[PDB]
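Participant: Take any residue in the sequence shown, note its place counting from 1, add 1391, and you have its number in my numbering. Where is the CB? At the ideal position from N, CA and C, for every residue including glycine. Pasting a structure here, questions to come.
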Amino acid sequence: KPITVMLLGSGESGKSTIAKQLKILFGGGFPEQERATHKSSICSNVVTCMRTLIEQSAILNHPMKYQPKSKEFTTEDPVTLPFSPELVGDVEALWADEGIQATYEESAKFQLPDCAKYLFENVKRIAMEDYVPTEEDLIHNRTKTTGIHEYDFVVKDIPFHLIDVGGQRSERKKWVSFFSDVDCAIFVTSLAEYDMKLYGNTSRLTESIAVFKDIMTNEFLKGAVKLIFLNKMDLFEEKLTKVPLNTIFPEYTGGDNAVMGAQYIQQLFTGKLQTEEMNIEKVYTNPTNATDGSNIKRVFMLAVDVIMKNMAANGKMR
Ligand SMILES: Nc1nc2c(ncn2[C@@H]2O[C@H](COP(=O)(O)OP(=O)(O)O)[C@@H](O)[C@H]2O)c(=O)[nH]1
């Protein structure tokens, strides 16, 4: 029987990106027909993300040199099926325009999907008539996984079964207790959300923390190893330079140091629990960059050993 792993997290923690990444690395990836289903949302995101920046450049007074010609940037209507011929061209001009670039740097804050820059840098290839999304596009594109995804992979000749629990907090609860005999629960959280508000909970950070505190006391998850992926370490490093951590936690003295800062956030989730960073009741932690296949491969590897060691010591095996 396969080793079972359950992914939990808040929204926009990147847990769905982790799951696609493991299917690519250890599953069979995604076949052309599965990939082609993502064409419309990717094509749509190209336009909507850029409308966002144009609108924000007005709200934030960064005048534009360039002026869009295409049908697509004269309307708020949903995005049609084949792009107008001029769409490609003015996406490239727009992204190179001084005012748009200035607006992009003030990304904190309005709400710009993480995939924006990737979409723009890839527009020549996305706007082609015969374009079929690649696995890398699927990694970077934003999708809403209304939540219950299963699959199997193998790692170093050992069967794994992955349960990806999505949905509202209210249905997430339903599924956690449905699955029996889970060997490992992986909690994913976005480091870059430390400054984002909400309104029960006030901020994204406190909402994630309370989710995690659930996992730690959930009686159906006793027996399961608890791992935390502090995700979006890349985004967090950079974000720290525009929104310093002590503007959110004035009781913090570590400054620009993304390592010390990630630890500070990590310690807010784990309190008095014993913890262990896999990079050299007990909670294992590791920062991650889910859009980096190489990073997720190296990191899940450490994880397999932690899961195996633990199971051996708990009288479970294979
Ligand atoms: N830059 C960066 N983006 C990420 C990372 N992890 C996830 N994302 C992005 O976050 C967006 C949505 O995250 P998603 O996997 O759908 O979250 P979930 O479904 O709520 O668990 C996608 O556009 C991803 O490309 C990361 O480590 N780095």
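Who does residue 1400 pair with in a DSSP beta bridge?
Facilitator: 1579
Participant: According to DSSP, residue 1543 sits in a beta bridge with which residue or residues?
Facilitator: 1552
Participant: Measuring alpha carbon to alpha carbon, tell me which of 1551, 1561, 1578 and 1434 ends up nearest residue 1603.
Facilitator: 1578
Participant: Can you look up residue 1609 in the DSSP assignment and give me helix, strand or coil?
Facilitator: coil
Participant: Can you list, in chain order, the residues of its chain whose CB lies under 7 Å from that of residue 1451, leaving out five sequence neighbours each side?
Facilitator: Within the same chain, residue 1451 has close Cβ partners 1494 and 1497.
Participant: Within this structure, are the beta carbons of residue 1747 and residue 1581 separated by less than 8 Å?
Facilitator: One cannot answer for residue 1747 here, as it falls past the ends of the chain, which runs 1392 to 1709.
Participant: Residue 1676 bridges to which residues according to DSSP?
Facilitator: DSSP, once it has assigned bridges, lists 1619 and 1668 as partnering residue 1676.
Participant: Rounded to the nearest angstrom, what separates residue 1691 and residue 1670 at their Cα positions?
Facilitator: 11 Å
Participant: Return the first residue and the last residue of the alpha helix (DSSP H) that residue 1408 is part of.
Facilitator: 1406-1416
Participant: Roughly how many whole angstroms lie between the Cα atoms of residue 1536 and residue 1557?
Facilitator: 6 Å
Participant: Taking only the alpha-carbon atoms, compute the straight-line gap between residue 1398 and residue 1539 and give it to the nearest angstrom.
Facilitator: The alpha-carbon of residue 1398 is positioned some 10 Å away from that of residue 1539.
Participant: Where does residue 1561 sit, in a helix, a strand or coil, going by DSSP?
Facilitator: In this structure, residue 1561 counts as helix in the three-state DSSP scheme.
Participant: So, residue 1618 versus residue 1655, is the Cβ gap smaller than 8 Å?
Facilitator: no
Participant: Does the distance from the C-beta atom of residue 1530 to that of residue 1437 stay below 8 Å?
Facilitator: Judged by beta-carbon spacing, residue 1437 lies beyond the 8 Å limit of residue 1530, meaning their Cβ atoms are not closer than that value.
Participant: What are the complete alpha helix (DSSP H) segments, minimum 4 residues, inside the stretch 1497-1547?
Facilitator: 1507-1512, 1514-1517 and 1526-1531
Participant: Assuming residue 1625 is part of the alpha helix (DSSP H), what are its boundary residues?
Facilitator: 1624-1630
Participant: Determine the extent of the alpha helix (DSSP H) in which residue 1425 is found, giving its start and end residues.
Facilitator: 1423-1427
Participant: Apart from the five residues just before and just after residue 1693, which ones in its own chain have a Cβ nearer than 8 Å to its Cβ?
Facilitator: 1669, 1670 and 1677
Participant: Quick one: using the 10 Å Cβ neighbour count with 16 as the cut-off for buried, is residue 1419 buried or exposed?
Facilitator: Under this definition residue 1419 is an exposed residue.
Participant: Given this structure, state the Cα-to-Cα distance separating residue 1472 from residue 1625, to the nearest angstrom.
Facilitator: 33 Å
Participant: Go through the stretch 1460-1495 residue by residue and report every complete run of the alpha helix (DSSP H) that reaches 4 residues or more, in order.
Facilitator: 1478-1487, all fully within the stretch 1460-1495.
Participant: Taking a contact to mean a Cβ-Cβ separation below 8 Å, would you say residue 1421 touches residue 1527 in this structure?
Facilitator: Cβ atoms of residue 1421 and residue 1527: not closer than 8 Å.
Participant: Within the continuous alpha helix (DSSP H) that includes residue 1709, where are the two ends?
Facilitator: Premise fails: residue 1709 is in no alpha helix (DSSP H) and is neither H nor E.
Participant: For ligand 1, any of its heavy atoms closer than 7 Å to the Cβ of residue 1400?
Facilitator: It does: the Cβ of residue 1400 is within 7 Å (strictly closer) of some heavy atom of ligand 1.
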